[PDB]
Amino acid sequence: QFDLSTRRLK
Amino acid sequence: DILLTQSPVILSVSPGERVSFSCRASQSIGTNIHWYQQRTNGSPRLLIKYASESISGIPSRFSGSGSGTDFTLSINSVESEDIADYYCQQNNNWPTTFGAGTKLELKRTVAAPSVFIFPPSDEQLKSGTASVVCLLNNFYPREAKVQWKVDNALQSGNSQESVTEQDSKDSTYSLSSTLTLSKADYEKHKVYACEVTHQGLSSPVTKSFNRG
Amino acid sequence: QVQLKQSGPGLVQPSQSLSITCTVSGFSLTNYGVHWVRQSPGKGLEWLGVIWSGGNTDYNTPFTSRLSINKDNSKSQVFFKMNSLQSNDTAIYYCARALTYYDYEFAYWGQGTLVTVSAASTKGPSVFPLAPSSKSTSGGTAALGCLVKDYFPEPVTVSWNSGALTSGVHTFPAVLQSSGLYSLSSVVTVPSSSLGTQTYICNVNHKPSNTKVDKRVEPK
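Residue numbers (this note's numbering), protein chains in the order written: chain A, 956 to 965; chain B, 327 to 538; chain C, 276 to 495.
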């Protein structure tokens with residue numbers, strides 16, 4: 956799922 | 327809309343190894359697919375256009391293949407800087423759609439964390455809150471345990487953790503655990519400690535200070 | 276060079292409208308179409324719409340009635356506007372340009388605009404030093420940092436010594452506190468023998484609240 960804080964999938 | 331399925335969601339490999347990313351389309355799209363790289367806190371970076379056509383400024387280690395419904399993005403010799411998410415995009419059918427993405431993690435040797443502890447500033451104490459920070463720097467793998475103790479009392483529920491994305495230079499992680507107390511509670515106690523557990527340590531590491 | 280520069284991050288109330296400006300350079304808007312793409316936790320990357328060289332607009336199906344794209348050719352600006360926002364519209368919004376005037380392979384992206392949809396108020400952060408000492412020192416190397424606490428919404432930018440210090444810097448992802456405010460730390464490792472002659476400053480900038488703070492960190 957995409958994370959807005961790092962712009963990375965978590 | 328065309329459904330693009332990327333598989334797997336996560337790839338973990340060692341440097342110098344070859345790696346392949348998959349993108350399967352819900353129906354035939356010919357060779358109308360583009361690939362993207364997204365690094366930490368970055369915008370998408372165009373890598374490959376139309377299945378296999380190369381892009382200016384993109385290293386030669388990046389290549390793509392496939393046609394119809396089955397596509398593959400390849401890296402012949404993966405480097406530390408390749409740590410990123412990879413996305414496919416189709417444009418045979420309007421509207422253009424993207425896949426859910428594949429994450430590229432890198433393996434390396436076990437590295438123990440350097441542990442540092444930071445007491446609250448006097449500045450913060452004036453506002454009535456006390457944050458105590460415990461830093462785990464440059465370690466691998468990602469898994470670690472941080473336990474807080476105030477005057478030998480185990481803390482629970484009053485700390486928060488944050489972990490950096492994988493370092494694109496040395497493949498390590500860093501973690502911060504912050505213990506948050508009220509000023510009153512902080513002042514009523516003396517010994518503050520975070521004990522750290524990790525694979526690279528033969529025994530737990532405890533950094534601690536005394537208030538004052 | 277070809278560049279796309281978007282307006283700053285900001286908070287948008289539920290049901291209200293979103294507005295973003297994309298200013299371009301290195302090419303003319305009369306020659307290329309500017310696309311709009313967003314990236315949400317829910318749906319990942321998602322093409323929203325485009326405005327072409329002639330001013331024609333195409334909007335993706337779910338956004339045809341609440342999305343409006345305009346531009347000013349002489350000012351090299353593109354204007355993005357979306358109506359009636361809900362919480363799941365919270366995402367990073369990019370503008371982008373394709374390799375050719377008619378195509379859709381995006382080689383040039385704007386830096387992104389992180390839009391937060393919430394009914395809360397904007398709050399600027401307090402900045403506190405993480406002071407170096409004997410308990411942040413290891414083998415001639417000292418750790419120090421800044422605690423950036425109690426702000427809303429995301430994001431904050433942190434640099435050190437106005438960008439002249441990048442080696443050994445880790446700025447941690449923000450975490451959401453129970454108060455509903457974010458909090459974050461940024462650390463850097465330096466030689467302990469430099470603490471006496473070098474000044475270390477974290478440059479904190481929270482654009483949504485127009486809060487700019489330079490915090491010097493020193494041994495206590």
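Built from N, CA and C at the ideal position, the CB exists for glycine as well.
| said: Using 7 Å as the threshold, is the C-beta distance between residue 444/C and residue 431/C below it? | reply: In this structure, residue 431/C does not lie closer than 7 Å to residue 444/C by Cβ.
| request: Rounded to whole angstroms, what's the CA-CA distance from residue 422/B to residue 494/C? Just pull it up for me. | output: Cα to Cα, the separation comes out at about 54 Å.
| query | Rounded to the nearest angstrom, how far is the Cβ of residue 544/B from that of residue 378/B, given a contact under 8 Å? | reply | With chain B represented from 327 up to 538, any question about residue 544/B goes unanswered, as that position is not in the structure.
| message | I believe residue 289/C touches residue 394/C by the beta-carbon criterion, under 8 Å. Please report the beta-carbon distance rounded to the nearest angstrom. | response | Sure, about 6 Å apart at Cβ, within 8 Å.
| message | Threshold first: 3 residues or longer. Then list the beta strand (DSSP E) segments lying entirely within the region 450-538 of chain B, N to C. | response | As summarised for the region 450-538 of chain B, the continuous beta strand (DSSP E) elements at least 3 residues long and confined to that stretch are 455-465, 471-476, 485-489, 499-508, 517-523 and 531-536, given in chain order.
| request: Please state whether DSSP places residue 315/C in a helix, a strand or coil. | output: When secondary structure is reduced to three states using DSSP, residue 315/C falls in the strand class.
| field | Sequence-distant residues of the same chain with beta carbon closer than 8 Å to residue 485/B, five excluded per side | value | So the qualifying residues of the chain are 472, 474, 503, 504, 505 and 506.
| Is the shortest distance between the beta-carbon of residue 319/C and the beta-carbons of chain A less than 7 Å? | With 7 Å as the cut-off, residue 319/C counts as an interface residue toward chain A.
| What separation, rounded to the nearest whole angstrom, lies between the Cα atoms of residue 367/B and residue 962/A? | Across the structure, residue 367/B and residue 962/A are spaced so that their CA atoms are roughly 5 Å apart.
| task | Would you mind sorting residue 408/B into buried or exposed? The rule is 16 or more other CB atoms within 10 Å of its CB. | result | Classification for residue 408/B: buried.
| For residue 370/B, which of 316/C, 380/C and 323/C has the nearest alpha-carbon? | Closest in C-alpha terms to residue 370/B, from the list 316/C, 380/C and 323/C, comes 380/C.
| query | Apart from the five residues on each side of it in sequence, which residues of its chain come closer than 6 Å, Cβ to Cβ, to residue 314/C? | reply | Here residue 314/C has 320, 366 and 367 as same chain residues with Cβ atoms under 6 Å from its own Cβ, once five neighbours each way along the sequence are excluded.
| message | Tell me the rounded alpha-carbon separation between residue 331/C and residue 395/B. | response | When rounded, the distance between both Cα atoms is 32 Å.
| field | Alpha-carbon spacing of residue 479/C relative to residue 400/C, whole angstroms | value | If you draw a straight line from the Cα of residue 479/C to the Cα of residue 400/C, it comes to about 9 Å.
| query | When you compare each of 302/C, 418/C, 298/C and 348/C to residue 442/C by their alpha carbons, which one comes out closest? | reply | Relative to residue 442/C, the option among 302/C, 418/C, 298/C and 348/C whose CA is nearest is 418/C.
| message | Distance cutoff 7 Å, beta carbons only. Does residue 469/B sit that close to anything in chain A? | response | For residue 469/B, the closest Cβ of chain A is not nearer than 7 Å.
| Can you find a heavy atom of the ligand FMN that lies under 6 Å from the Cβ of residue 420/B? | Here there are no bound small molecules, and the ligand FMN is not part of this structure.
| Out of curiosity, what's the CA-to-CA distance linking residue 465/C and residue 457/C? | Between residue 465/C and residue 457/C, the C-alpha separation is close to 27 Å.
| field | CA nearest to the CA of residue 439/B, picked from 533/B, 537/B, 359/B and 332/B | value | The candidate whose alpha carbon is nearest that of residue 439/B is 533/B.
| task | Just grab the DSSP bridge partners of residue 335/C for me. | result | DSSP, once it has assigned bridges, lists no residue as partnering residue 335/C.
| request: Can you tell me which of the three DSSP states residue 478/C falls into? | output: In this structure, residue 478/C counts as strand in the three-state DSSP scheme.
| List, in order along the chain, the chain A residues whose C-beta lies closer than 9 Å to that of residue 429/B? | At a C-beta separation below 9 Å, residue 429/B has these neighbours in chain A: 963, 964 and 965.
| request: Pick out the complete beta strand (DSSP E) segments inside the region 333-402 of chain C, 3 residues or longer, and give them in chain order. | output: The qualifying runs are 342-347, 352-357, 366-373, 381-384 and 388-392.
| Any idea if residue 510/B is buried or exposed, counting beta-carbon neighbours within 10 angstroms, 16 or more meaning buried? | Flag for residue 510/B reads exposed.
| message | Rounded to whole angstroms, what is the Cα-Cα separation between residue 345/B and residue 404/B? | response | A direct Cα-Cα distance of roughly 7 Å separates residue 345/B from residue 404/B.
| Cβ neighbour criterion (16 or more within 10 Å) applied to residue 468/B | Taking every protein chain shown into account, the CB of residue 468/B has fewer than 16 other CB atoms within 10 angstroms, so this residue is exposed.
| request: Report yes or no: do the region 344-353 of chain C and the region 303-314 of chain C share at least 3 C-beta pairs separated by less than 8 Å? | output: Contact between the region 344-353 of chain C and the region 303-314 of chain C is present: 3 or more CB-CB pairs across the two stretches fall below 8 Å.
| Beta-ladder partner(s) of residue 466/C, from DSSP | Looking at the DSSP output, residue 466/C bridges to 416/C.
| query | Can you list, in chain order, the stretches of the alpha helix (DSSP H) that have 4 or more residues and sit fully within the region 365-453 of chain B? | reply | Taken in chain order, the complete alpha helix (DSSP H) segments of 4 or more residues contained in the region 365-453 of chain B are 448-451.
| residue 483/C (DSSP reduced to helix, strand or coil) | Secondary structure of residue 483/C (DSSP, three-state): helix.
| query | Using 7 Å as the limit for Cβ to Cβ distance, is residue 335/C near chain B? | reply | True, the Cβ-Cβ gap to chain B drops below 7 Å.
| query | If the cut is a Cβ gap below 9 Å, which residues of chain C does residue 375/B touch? | reply | What residue 375/B touches in chain C: 374, 378, 380 and 382.
| Candidates 452/C, 405/C, 322/C and 411/C: closest to residue 490/C by CA position | Checking every option, the nearest Cα to that of residue 490/C belongs to 405/C.
| query | When Cβ atoms are compared, which residues of the region 307-318 of chain C fall closer than 8 Å to chain A? | reply | Under the 8 Å Cβ criterion, the region 307-318 of chain C contributes 314, 315 and 316.
| task | Throw me the rounded Cβ distance for the residue 416/B and residue 359/B pair, which I believe falls under 8 Å. | result | Contact annotation, residue 416/B with residue 359/B: C-beta distance approximately 5 Å; criterion of less than 8 Å satisfied.
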